[PDB]
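Down below is the structure, laid out as structure tokens.
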Amino acid sequence: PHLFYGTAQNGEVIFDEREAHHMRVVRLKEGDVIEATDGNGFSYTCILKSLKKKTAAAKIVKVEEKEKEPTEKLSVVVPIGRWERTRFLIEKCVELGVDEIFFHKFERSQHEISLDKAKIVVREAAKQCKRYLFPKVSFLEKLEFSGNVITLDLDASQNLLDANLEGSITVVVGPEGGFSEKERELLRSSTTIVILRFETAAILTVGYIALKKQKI
Amino acid sequence: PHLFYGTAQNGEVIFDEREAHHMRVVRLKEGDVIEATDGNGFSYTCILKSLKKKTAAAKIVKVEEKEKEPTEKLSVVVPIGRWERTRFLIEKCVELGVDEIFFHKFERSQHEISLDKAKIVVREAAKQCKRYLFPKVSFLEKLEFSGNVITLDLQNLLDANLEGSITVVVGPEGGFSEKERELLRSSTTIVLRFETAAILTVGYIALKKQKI
Ligand SMILES: [Cl-]
Ligand SMILES: [Cl-]
Ligand SMILES: [Cl-]
Ligand SMILES: [Cl-]
Ligand SMILES: [Cl-]
Ligand SMILES: [Cl-]
């Protein structure tokens, strides 16, 4: 049971080139009943009409609201770094029920991110996890926040299980080359700080928090 | 800075062809200073004396105790299933401070494993992670247990009582059979992508037991 992604309007869902290729791979055809999401919490049961090289369109039969906006958000600051790390962190954020991703370039990174690429990673992950309401993605200029913030310092574990998790939480995943001293002063003074393989620490940290917050 | 695995005897560490080959891949030569572990908690700083095709030997210069046996053990029963899953679970056991790994072929698996092959996975993961006291591996013929055993189907694991030595039963890819669901309820405490779930669950337990 595959879940496609498109834009609903005027009784149809329209699909971009990327989706049409994915449908040709599953070898669908005109007449087939399919399920799409718009990424804002809705599910559409549709009959495929057109499948062409760079586009497709299906007629909507049924809509179900599958997920509503949460009252308390889980936010993660993802460092703009080597693509393999960045793609991983974004995928895990979809997976672990994060509501908002914020991309920050820490002082020791010279990387950039394409926000359109990040949205594709979110889309493809969500289609796999059957997540109807996609996390939002934004740039973040400054390490300035409100509410409860937890910082994952990758170069040191601190006590995660002692941390207070009351209310809305932002988790700040640290950069590969480490916080500069300016960043560290800024984050010690404003957040709560908490050695394993990068991929394991990130899953365990964000995943424990999501668990406790019942985001998963 | 690599870490090799060898056998310590009378002032030298000897190494097998797997390690010798690895030494050649990383361009080591006779006369270089290397670090080895025995897999028993100790680090050995040695001078590499002989690097041959099938074997190597180094002279011990310094020995440091890195890791001791814990009072309270964390054991995990790993299903014998598709290699890619089994290998991942072995490596996470190494990395998350599990002390002992027991392989069980559940009823809906038809797979088999050689302990020699599992040990190689342990070795290579432990070399990579710089774990000096390697976990032990063995077969578990029956799902028959004593002690705190908790049975996992990859939430409110957060409420599980994890005190004392503990065994964690990770279920098979095809699910527990009826007989298995009954058997496990008679002797255990029943408490996302597979890899994510496996890390979050075993990691949380390890972290709560302070094994990491
Ligand atoms: Cl890159
Ligand atoms: Cl990019
Ligand atoms: Cl951009
Ligand atoms: Cl980075
Ligand atoms: Cl299995
Ligand atoms: Cl071995």
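For the structure tokens, the naming scheme is as follows: chains receive sequential letters (A, B, ...) according to their order of presentation, residues are indexed from 1 within each chain, and ligands are indexed from 1 in presentation order.
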Notebook entry, point to check: Mind checking DSSP for chain A and telling me the alpha helix (DSSP H) residues as a VMD selection string?
Noted result: chain A and resid 17 to 25 83 to 95 115 to 129 181 to 188 198 to 212
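Any residue of chain A with an atom within 7 Å of chain B counts; using only C-alpha atoms, that gives residues 95, 200, 203, 204 and 207 of chain A.
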Let me see the file: selected residues, C-alpha atoms, as a PDB file, in the first residue's frame.
ATOM      1  CA  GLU A  95      10.098   9.664  11.793  1.00  0.00           C
ATOM      2  CA  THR A 200      22.730   6.647  17.716  1.00  0.00           C
ATOM      3  CA  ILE A 203      17.972   8.897  17.639  1.00  0.00           C
ATOM      4  CA  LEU A 204      18.226   8.208  21.307  1.00  0.00           C
ATOM      5  CA  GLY A 207      13.495   9.785  20.286  1.00  0.00           C
TER       6      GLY A 207
END
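Distances here use only C-alpha atoms and all ligand atoms; by that measure, the residue among B:144, B:38, B:30, B:107 closest to ligand 6 is B:38.
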Next item on the list: Kindly work out which residues sit at most 7 Å from ligand 4, using only C-alpha atoms and all ligand atoms, and give the list as a PyMOL selection string.
Entry: chain A and resi 79-82+106+109+175-177
Any chance you can output those residues with C-alpha atoms as a PDB file, in the first residue's frame?
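Output (out.pdb):
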ATOM      1  CA  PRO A  79      22.867  21.885  11.702  1.00  0.00           C
ATOM      2  CA  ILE A  80      23.575  22.771   8.070  1.00  0.00           C
ATOM      3  CA  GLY A  81      26.499  20.381   7.472  1.00  0.00           C
ATOM      4  CA  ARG A  82      27.602  17.465   5.323  1.00  0.00           C
ATOM      5  CA  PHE A 106      26.908  26.944  13.157  1.00  0.00           C
ATOM      6  CA  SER A 109      30.390  24.913   9.237  1.00  0.00           C
ATOM      7  CA  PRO A 175      27.385  20.734  14.648  1.00  0.00           C
ATOM      8  CA  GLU A 176      29.996  18.175  13.545  1.00  0.00           C
ATOM      9  CA  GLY A 177      33.038  20.388  14.324  1.00  0.00           C
TER      10      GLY A 177
END
Next item on the list: Write as number ranges by chain the residues around ligand 3, taking 9 Å as the cut-off and counting only C-alpha atoms and all ligand atoms.
Entry: A: 112-118, 139
Check: Of the residues A:123, A:87, A:53, A:213, which is the one nearest to ligand 2, using only C-alpha atoms and all ligand atoms?
Finding: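 Counting only C-alpha atoms and all ligand atoms, the residue closest to ligand 2 is A:87.
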Notebook entry, point to check: For ligand 6, which residue out of B:52, B:136, B:24, B:130 is the nearest one, using only C-alpha atoms and all ligand atoms?
Noted result: B:136
Note to self: Neighbouring residues of segment 74-77 of chain A were defined as those with any atom within 12 Å, considering only C-alpha atoms; residues of the same chain fewer than 4 positions away were excluded. Please report them as a ChimeraX atom specification.
What the structure shows: /A:69-70,86,89-90,92-94,96-106,135-152,165-175,202,205-207,209-216
Note to self: Among segment 62-139 of chain B, which ones does DSSP assign to strand (DSSP E or B) (computed from the backbone)? Answer as number ranges by chain.
What the structure shows: B: 62-65, 74-79, 100-104, 133, 136-139
Selection above as a file: N, CA, C and O atoms, as a PDB file, in the first residue's frame:
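For reference, part-v7.pdb as written:
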ATOM      1  N   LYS B  62      53.133  -1.603  27.071  1.00  0.00           N
ATOM      2  CA  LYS B  62      52.319  -1.058  28.149  1.00  0.00           C
ATOM      3  C   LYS B  62      50.967  -1.735  28.157  1.00  0.00           C
ATOM      4  O   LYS B  62      50.467  -2.160  27.076  1.00  0.00           O
ATOM      5  N   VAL B  63      50.415  -1.922  29.352  1.00  0.00           N
ATOM      6  CA  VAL B  63      49.112  -2.539  29.493  1.00  0.00           C
ATOM      7  C   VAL B  63      48.297  -1.662  30.394  1.00  0.00           C
ATOM      8  O   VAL B  63      48.809  -1.199  31.401  1.00  0.00           O
ATOM      9  N   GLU B  64      47.060  -1.393  29.978  1.00  0.00           N
ATOM     10  CA  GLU B  64      46.091  -0.565  30.687  1.00  0.00           C
ATOM     11  C   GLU B  64      44.731  -1.280  30.785  1.00  0.00           C
ATOM     12  O   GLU B  64      44.195  -1.771  29.790  1.00  0.00           O
ATOM     13  N   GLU B  65      44.210  -1.389  32.001  1.00  0.00           N
ATOM     14  CA  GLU B  65      42.880  -1.933  32.227  1.00  0.00           C
ATOM     15  C   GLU B  65      41.850  -0.862  31.893  1.00  0.00           C
ATOM     16  O   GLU B  65      41.847   0.218  32.490  1.00  0.00           O
ATOM     17  N   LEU B  74      23.450  -6.835  31.526  1.00  0.00           N
ATOM     18  CA  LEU B  74      22.395  -6.574  30.561  1.00  0.00           C
ATOM     19  C   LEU B  74      22.568  -7.600  29.459  1.00  0.00           C
ATOM     20  O   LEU B  74      23.598  -7.623  28.814  1.00  0.00           O
ATOM     21  N   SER B  75      21.595  -8.498  29.321  1.00  0.00           N
ATOM     22  CA  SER B  75      21.582  -9.554  28.299  1.00  0.00           C
ATOM     23  C   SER B  75      20.437  -9.284  27.320  1.00  0.00           C
ATOM     24  O   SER B  75      19.411  -8.726  27.717  1.00  0.00           O
ATOM     25  N   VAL B  76      20.651  -9.647  26.045  1.00  0.00           N
ATOM     26  CA  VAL B  76      19.674  -9.449  25.014  1.00  0.00           C
ATOM     27  C   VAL B  76      19.568 -10.745  24.240  1.00  0.00           C
ATOM     28  O   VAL B  76      20.580 -11.287  23.852  1.00  0.00           O
ATOM     29  N   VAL B  77      18.337 -11.224  24.040  1.00  0.00           N
ATOM     30  CA  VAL B  77      18.082 -12.346  23.119  1.00  0.00           C
ATOM     31  C   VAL B  77      17.789 -11.771  21.747  1.00  0.00           C
ATOM     32  O   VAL B  77      16.788 -11.085  21.573  1.00  0.00           O
ATOM     33  N   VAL B  78      18.670 -12.091  20.797  1.00  0.00           N
ATOM     34  CA  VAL B  78      18.586 -11.614  19.431  1.00  0.00           C
ATOM     35  C   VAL B  78      17.982 -12.709  18.546  1.00  0.00           C
ATOM     36  O   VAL B  78      18.458 -13.852  18.561  1.00  0.00           O
ATOM     37  N   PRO B  79      16.925 -12.375  17.766  1.00  0.00           N
ATOM     38  CA  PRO B  79      16.402 -13.371  16.847  1.00  0.00           C
ATOM     39  C   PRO B  79      17.375 -13.684  15.724  1.00  0.00           C
ATOM     40  O   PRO B  79      18.053 -12.796  15.246  1.00  0.00           O
ATOM     41  N   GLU B 100      25.911  -9.566  27.294  1.00  0.00           N
ATOM     42  CA  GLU B 100      25.786 -10.884  26.761  1.00  0.00           C
ATOM     43  C   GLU B 100      24.636 -10.965  25.734  1.00  0.00           C
ATOM     44  O   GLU B 100      23.606 -10.362  25.890  1.00  0.00           O
ATOM     45  N   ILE B 101      24.880 -11.700  24.652  1.00  0.00           N
ATOM     46  CA  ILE B 101      23.970 -11.789  23.482  1.00  0.00           C
ATOM     47  C   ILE B 101      23.669 -13.275  23.306  1.00  0.00           C
ATOM     48  O   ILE B 101      24.588 -14.049  23.257  1.00  0.00           O
ATOM     49  N   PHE B 102      22.393 -13.628  23.222  1.00  0.00           N
ATOM     50  CA  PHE B 102      21.901 -15.022  23.079  1.00  0.00           C
ATOM     51  C   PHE B 102      21.098 -15.064  21.807  1.00  0.00           C
ATOM     52  O   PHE B 102      20.168 -14.278  21.620  1.00  0.00           O
ATOM     53  N   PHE B 103      21.433 -15.972  20.906  1.00  0.00           N
ATOM     54  CA  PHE B 103      20.699 -16.077  19.640  1.00  0.00           C
ATOM     55  C   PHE B 103      19.601 -17.140  19.740  1.00  0.00           C
ATOM     56  O   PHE B 103      19.844 -18.278  20.098  1.00  0.00           O
ATOM     57  N   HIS B 104      18.409 -16.772  19.325  1.00  0.00           N
ATOM     58  CA  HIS B 104      17.281 -17.690  19.303  1.00  0.00           C
ATOM     59  C   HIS B 104      16.603 -17.704  17.932  1.00  0.00           C
ATOM     60  O   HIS B 104      16.274 -16.676  17.424  1.00  0.00           O
ATOM     61  N   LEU B 133      36.160  -4.838  26.557  1.00  0.00           N
ATOM     62  CA  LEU B 133      35.574  -6.070  27.092  1.00  0.00           C
ATOM     63  C   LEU B 133      34.417  -6.477  26.192  1.00  0.00           C
ATOM     64  O   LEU B 133      33.334  -5.902  26.233  1.00  0.00           O
ATOM     65  N   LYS B 136      29.819 -11.608  25.262  1.00  0.00           N
ATOM     66  CA  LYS B 136      29.802 -13.020  24.875  1.00  0.00           C
ATOM     67  C   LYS B 136      28.585 -13.320  24.028  1.00  0.00           C
ATOM     68  O   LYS B 136      27.584 -12.663  24.173  1.00  0.00           O
ATOM     69  N   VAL B 137      28.705 -14.300  23.120  1.00  0.00           N
ATOM     70  CA  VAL B 137      27.613 -14.711  22.271  1.00  0.00           C
ATOM     71  C   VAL B 137      27.365 -16.178  22.531  1.00  0.00           C
ATOM     72  O   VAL B 137      28.315 -16.908  22.783  1.00  0.00           O
ATOM     73  N   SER B 138      26.108 -16.610  22.490  1.00  0.00           N
ATOM     74  CA  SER B 138      25.809 -18.093  22.581  1.00  0.00           C
ATOM     75  C   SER B 138      24.440 -18.353  22.046  1.00  0.00           C
ATOM     76  O   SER B 138      23.754 -17.424  21.699  1.00  0.00           O
ATOM     77  N   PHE B 139      24.053 -19.606  21.932  1.00  0.00           N
ATOM     78  CA  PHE B 139      22.692 -19.922  21.522  1.00  0.00           C
ATOM     79  C   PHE B 139      21.796 -20.000  22.713  1.00  0.00           C
ATOM     80  O   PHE B 139      22.229 -20.396  23.757  1.00  0.00           O
TER      81      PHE B 139
END
Next item on the list: Give me, please, the distance in Å between atom CA of residue 6 of chain A and atom CA of residue 88 of chain A, quoted to one decimal.
Entry: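 Computed distance, atom CA of residue 6 of chain A to atom CA of residue 88 of chain A, equals 23.6 Å.
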Check: Within 12 Å of residue 19 of chain B, counting only C-alpha atoms, which residues qualify if same-chain residues fewer than 6 places away don't, as number ranges by chain?
Finding: B: 2-7, 13, 25-26, 28, 34, 36-37, 51-57, 120, 123-124, 127
Checklist line | d(atom CA of residue 34 of chain A, atom CA of residue 4 of chain A) in Å | finding: 7.9 Å
Next item on the list: Taking only C-alpha atoms and all ligand atoms into account, report as a PyMOL selection string which residues have an atom no farther than 8 Å from an atom of ligand 6.
Entry: chain B and resi 116-123
Next, the residues of the selection above should be written as a CSV table (one decimal), in the first residue's frame with N, CA, C and O atoms.
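again-v8.csv was written with the following content:
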chain,number,residue,atom,x,y,z
B,116,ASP,N,30.8,-18.4,14.9
B,116,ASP,CA,32.0,-17.8,14.4
B,116,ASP,C,31.8,-16.5,13.6
B,116,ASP,O,32.5,-15.5,13.8
B,117,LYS,N,30.8,-16.5,12.8
B,117,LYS,CA,30.4,-15.4,12.0
B,117,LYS,C,29.9,-14.2,12.9
B,117,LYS,O,30.3,-13.1,12.8
B,118,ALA,N,29.1,-14.5,13.9
B,118,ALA,CA,28.6,-13.5,14.9
B,118,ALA,C,29.8,-13.0,15.6
B,118,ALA,O,29.9,-11.7,15.9
B,119,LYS,N,30.7,-13.8,16.0
B,119,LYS,CA,31.9,-13.3,16.8
B,119,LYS,C,32.7,-12.3,16.0
B,119,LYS,O,33.3,-11.4,16.5
B,120,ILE,N,32.8,-12.5,14.6
B,120,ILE,CA,33.6,-11.6,13.8
B,120,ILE,C,32.9,-10.3,13.8
B,120,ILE,O,33.5,-9.3,13.8
B,121,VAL,N,31.5,-10.3,13.8
B,121,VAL,CA,30.8,-9.0,13.8
B,121,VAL,C,31.0,-8.3,15.1
B,121,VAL,O,31.2,-7.0,15.1
B,122,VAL,N,31.0,-9.0,16.2
B,122,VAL,CA,31.3,-8.4,17.5
B,122,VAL,C,32.8,-7.8,17.5
B,122,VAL,O,33.0,-6.7,17.8
B,123,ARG,N,33.7,-8.6,17.0
B,123,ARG,CA,35.1,-8.1,17.0
B,123,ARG,C,35.3,-6.8,16.2
B,123,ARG,O,35.9,-5.9,16.7
Item checked: Residue with smallest distance to residue 30 of chain A - pool A:45, A:110, A:159, A:50, counting only C-alpha atoms ->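 Distance minimum relative to residue 30 of chain A lands on A:50.
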Compile the contact shell of residue 109 of chain B as a short mmCIF file (atom, residue, chain, number, x, y, z; two decimals) with N, CA and C atoms, in the first residue's frame: residues with an atom at most 8 Å away, counting only C-alpha atoms, same-chain residues fewer than 5 positions apart removed.
data_model
loop_
_atom_site.label_atom_id
_atom_site.label_comp_id
_atom_site.auth_asym_id
_atom_site.auth_seq_id
_atom_site.Cartn_x
_atom_site.Cartn_y
_atom_site.Cartn_z
N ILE B 80 17.41 -14.95 15.34
CA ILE B 80 18.13 -15.41 14.19
C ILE B 80 17.20 -15.26 12.99
N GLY B 81 17.42 -14.18 12.21
CA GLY B 81 16.57 -13.86 11.05
C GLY B 81 17.43 -13.44 9.90
N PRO B 172 10.92 -11.51 16.76
CA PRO B 172 11.30 -11.74 15.42
C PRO B 172 10.54 -10.88 14.44
N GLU B 173 11.10 -10.78 13.24
CA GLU B 173 10.45 -10.01 12.16
C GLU B 173 9.05 -10.49 11.82
N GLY B 174 8.83 -11.80 11.81
CA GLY B 174 7.47 -12.33 11.55
C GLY B 174 6.49 -12.29 12.72
#
